[PDB]
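Just so you know, the protein sequences line up as chains A and A', in that order. A prime marks a further copy of an entry chain. The deposited numbering puts the first sequence at residues 26 to 150, 163 to 456. The deposited numbering puts the second sequence at residues 26 to 150, 163 to 456. Written below as structure tokens is the structure these notes are about.
2 protein chains.
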Amino acid sequence: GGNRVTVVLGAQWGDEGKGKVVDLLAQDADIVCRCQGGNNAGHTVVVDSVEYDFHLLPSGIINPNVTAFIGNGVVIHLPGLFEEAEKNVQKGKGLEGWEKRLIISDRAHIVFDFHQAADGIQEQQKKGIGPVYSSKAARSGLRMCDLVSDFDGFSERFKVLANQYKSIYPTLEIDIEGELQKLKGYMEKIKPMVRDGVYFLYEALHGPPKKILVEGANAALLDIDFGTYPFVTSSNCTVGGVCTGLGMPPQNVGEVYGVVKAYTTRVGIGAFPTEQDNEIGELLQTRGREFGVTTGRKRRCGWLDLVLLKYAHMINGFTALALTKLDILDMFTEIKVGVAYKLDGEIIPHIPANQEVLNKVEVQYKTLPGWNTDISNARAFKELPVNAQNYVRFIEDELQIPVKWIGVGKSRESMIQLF
Amino acid sequence: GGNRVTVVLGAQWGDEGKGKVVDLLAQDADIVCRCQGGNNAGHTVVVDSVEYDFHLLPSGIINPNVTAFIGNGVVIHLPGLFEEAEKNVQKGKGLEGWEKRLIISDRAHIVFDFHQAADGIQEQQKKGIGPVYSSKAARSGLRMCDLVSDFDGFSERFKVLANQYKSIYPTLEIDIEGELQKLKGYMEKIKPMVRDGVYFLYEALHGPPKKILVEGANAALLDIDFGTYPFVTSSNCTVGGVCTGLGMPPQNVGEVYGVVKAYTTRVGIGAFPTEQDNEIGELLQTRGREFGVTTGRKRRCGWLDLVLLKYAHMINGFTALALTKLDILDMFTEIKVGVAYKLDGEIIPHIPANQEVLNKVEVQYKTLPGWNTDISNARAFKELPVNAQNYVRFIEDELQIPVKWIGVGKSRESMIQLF
Ligand SMILES: Nc1nc2c(ncn2[C@@H]2O[C@H](COP(=O)(O)OP(=O)(O)O)[C@@H](O)[C@H]2O)c(=O)[nH]1
Ligand SMILES: Nc1nc2c(ncn2[C@@H]2O[C@H](COP(=O)(O)OP(=O)(O)O)[C@@H](O)[C@H]2O)c(=O)[nH]1
């Protein structure tokens, strides 16, 4: 019974174009949610030329009729949150009254300045994601409910945790009193936004009809359990993280959309079976503009991998796909798709869990004919050339998951919706 | 599509009688699973007088027709696992051929001796649960797939992690070479049991009809996110942990049974709104034999709390309840049940997330008449006295969840199944 949430999840290693899909769906949502992760990825939404940037906040908050909801599974750096919101207010009127439309689950953990600093030091041996999730598991971390209740109690616990980090990282510059004093100011602005998230969501699920959207962060292959460990993030980026990060049961999960780029990218090091460190990869990188916006560094590129897609589907149970950046392939005379894995000369049915073993797999490819035409103006599936249509159908046939959206360009209008 | 798993979850703070329900359901299961947690709780299953004890292993493995499955969310101390299995083999023939009927997900994390040792030290400032889940989040932990692949690689990483703990805990006695040498022996016995768990489960879900049972560990109010934090365990003991700990989607979750004791217990310190630290609590403790079997220490006891039960249901979406130890109440002339919470003189709709605030709530009670008769021989709901029937109906009416089982004694036969 009750409303069933719509979830948008990245199917690969991020940068698939989830924001493009969320943009469309958030236009008629009532509630938009974050369930897991922190603020490590930035996205830009343009309204009347004005470029707003989101990191922790659900991009859907740009719709004036939505309530944005931060779940218990999310980790929150308070200076970062206020900086992000305040900078948006400086850019234009799009976030007018945001404080009235943001609800923060009081069970969310707080990322401290020292967690971010420790993150940098550990990397030497910087959003503080590893450290805050480690403190959470250790039960030493502090939560929003602690900050907004007895500040003496909060302060005592904060000092213990800060001193732990200081004693483990002697080179760590840690301003215990200064951080704590800024938190006093941060606590007073956040208080009205902090509430019981389990009760909030339960009431929204069981009241009148509502469209509730959950914006997944990161992607399936970056999942702490299921991704290419240890080259993963520290949270569950998969569907089960919706349930654990929002405190709602499986029967309230509705549509789960997998955002699948028409070819593959990876940002960091880590196994990448279909990687094309060559002219094919250069062509993908150039046409897909595959580089960090806040770094400039090029992403590793490769062919679509349907073996890893099927794996993400085993875990996530996608109800439909959004296949993005199909237009990148407009210049390809032939396109390869990974369809099977061999290990030591033998076909294997699984994804090797160990990184070094995954590194040894030989991908078996299907070669499909290119269309060699510009599809950027296509607005319906009938307008796509046959070989582009067949590329889409091949993915549908191999995965047995229907494609609901096809991305044919950067703009909002550059999308085909099939049903 | 496919098979849908049955889940048994503790609804309160543990010791509800989950093993009693699992005993019944495991008799016709094909696959029994652990999804989260480690070996911190022991249970005894009696077959032909022989007492077998389970800690990490699913108790259902006692059925010769089952395959026991350890999911990716579980944390595994290898000496403990082999000790547990080997001791059972010493007791009798009930575990004959267990190595042929145990499958271990290769994405499960390993609990090292130094994690257990650190656990003890941290408590001074001991199953190693906190430490292993902290290493998992930090991405420094090692997994079953690492152990069974390149042992040189495994050894290198093991030494880094061991040395981290040694440098943080100077008083920690850590035998790096000795642990590693025992792991060489442990690796060779475990190798045939270790496989890709995502693929294993996916095939079992989508092949012929199968009865797949998931034995939850711990309980809802001990959940890392949802429990009385920090007085919780370090894993998700709630329904979302089935999905994250087994790598299967919400559409493959079927029946989710909440095991609810007819009154409440807590083992450790932590908020306990209906606690009866008095003659009522003593009577519950005595009749329910509420003490640790491996410690002898008495559990804190209190009235049934329907406010916290409704909260666990918001998160878990129970499809039915098993109401255990109803016979304990046979001696009570009146029984109180917590039905609402007041905070600072005002009724509140939520469960305070902060422990100290939860400590301040005043429970509002409903008083129900006792039956004052021995129900231990009852085998059908019609055989229960009216006031016992009405106690059951009150819970059903308040929670709007049907009761499927009523426990009226310790034995297998001391159960009523309503549907
Ligand atoms: N050419 C092209 N660019 C796209 C398409 N979809 C997304 N993009 C661009 O790719 C980048 C990444 O998309 P975004 O929505 O931010 O990805 P996210 O990090 O997964 O949310 C953005 O610059 C988008 O404008 C597409 O279908 N075609
Ligand atoms: N008198 C009585 N004892 C019960 C009942 N259900 C369980 N027990 C006992 O309570 C203890 C805890 O039950 P167990 O199944 O091990 O709990 P678990 O830790 O939640 O799995 C065991 O000694 C059981 O025999 C009941 O309905 N009545």
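We put the CB at the ideal spot given by N, CA and C, even for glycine.
| Check | Outcome |
| --- | --- |
| Using DSSP with H/G/I as helix, E/B as strand and the rest coil, what is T31(A')? | strand |
| Could one say the Cβ of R59(A) lies closer than 9 Å to chain A''s Cβ atoms, at least one of them? | no |
| Should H243(A') be labelled buried (16 or more other beta-carbon atoms within 10 Å of its own) or exposed? | exposed |
| Nearer than 8 Å: is that true of the beta carbon of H68(A) relative to any heavy atom of ligand 1? | yes |
| Which residue spans inside the region 349-392 of chain A form an unbroken beta strand (DSSP E) run of at least 3? | 357-361, 371-380 and 383-385 |
| Are any of the Cβ atoms in chain A nearer than 9 Å to that of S171(A')? | yes |
| List the residues of chain A that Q288(A') touches, going by C-beta distances under 7 Å, in chain order. | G354 |
| Hey, is the region 91-110 of chain A' in contact with the region 50-65 of chain A', meaning 3+ C-beta pairs nearer than 8 Å? | yes |
| With a CB to CB cut of under 6 Å and the five nearest residues on each side skipped, what residues in its chain are close to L358(A)? | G295, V297, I438 and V440 |
| Could you have a look at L421(A') and say whether DSSP puts it in helix, strand or coil? | coil |
| Any heavy atom of ligand 2 closer than 8 Å to the Cβ of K164(A')? | no |
| Could you tell me how far apart the beta carbons of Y402(A') and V374(A') are, in whole angstroms, since I believe they sit closer than 8 Å? | 7 Å |
| Which of the three DSSP states, helix, strand or coil, is assigned to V290(A')? | strand |
| Within the present structure, is the beta-carbon of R430(A') separated from the nearest heavy atom of ligand 1 by less than 8 Å? | no |
| Any contact between the region 27-39 of chain A and the region 249-259 of chain A? By contact I mean 3 or more CB pairs, one from each, below 8 Å. | yes |
| Which stretch, first to last residue, makes up the beta strand (DSSP E) that contains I129(A')? | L127 to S130 |
| Three Cβ pairs or more, each shorter than 8 Å: is that satisfied between the region 305-319 of chain A' and the region 204-214 of chain A? | no |
| May I ask you to list, following chain order, the residues of the region 378-390 of chain A that have a beta carbon less than 8 Å from some beta carbon of chain A'? | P386, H387, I388, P389 and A390 |
| When DSSP labels each residue in this structure, what does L82(A) get in the three-state scheme? | coil |
| Using C-beta distances below 6 Å, list every residue in its chain close to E121(A), excluding the 5 sequence neighbours before and after it, in chain order. | none |
| Alpha carbon to alpha carbon, how far is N64(A) from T265(A)? | 21 Å |
| Check this for me: beta carbons of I365(A') and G339(A'), under 9 Å apart or not? | no |
| Taking C-beta pairs closer than 7 Å, name the residues in chain A that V394(A') reaches, listed in chain order. | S186 |
| Give the residues of chain A' in contact with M224(A), contact being defined as C-beta atoms less than 7 Å apart. | Near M224(A) there are no residues of chain A' at all, since even the closest Cβ is about 13 Å away, more than 7 Å. |
| Should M285(A) and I227(A) be called a contact, given that it needs their Cβ atoms to be closer than 9 Å? | no |
| Which residues in the same chain as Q147(A) place their Cβ atom closer than 8 Å to its Cβ, once the five residues preceding and following it in sequence are excluded? | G167 and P168 |
| Would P168(A) pass as an interface residue toward chain A' - the criterion being a Cβ-Cβ separation below 9 Å? | yes |
| Please state whether the Cβ-Cβ distance between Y428(A') and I384(A') is less than 9 Å. | no |
| Could you name each continuous beta strand (DSSP E) segment of 3 residues or more that falls completely within the region 395-452 of chain A, going from the start of the chain to the end? | 399-406 and 440-444 |
| Would you say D131(A') faces chain A, with C-beta separation under 9 Å as the test? | yes |
| At 9 Å on the CB atoms, spell out the chain A contacts of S74(A'), in chain order. | By Cβ distance, chain A contributes nothing, its closest Cβ being about 40 Å from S74(A'), past 9 Å. |
| Could you confirm whether any beta carbon from chain A' is found closer than 9 Å to the beta carbon of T208(A)? | no |
| Quick one: residues in its chain with C-beta nearer than 7 Å to the C-beta of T410(A), no 5 flanking neighbours on either side, listed in chain order? | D367 and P422 |
| Using CA atoms only, rank isn't needed, just tell me which of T404(A'), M452(A') and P389(A') is closest to residue 457(A'). | There is no way to answer for residue 457(A'), as the model of chain A' reaches only from 26 to 456. |
| Do you know whose CA, among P389(A), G117(A), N289(A) and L179(A), lies nearest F268(A')'s CA? | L179(A) |
| Closest to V279(A) by C-alpha separation, out of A93(A), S271(A) and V290(A), would be which residue? | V290(A) |
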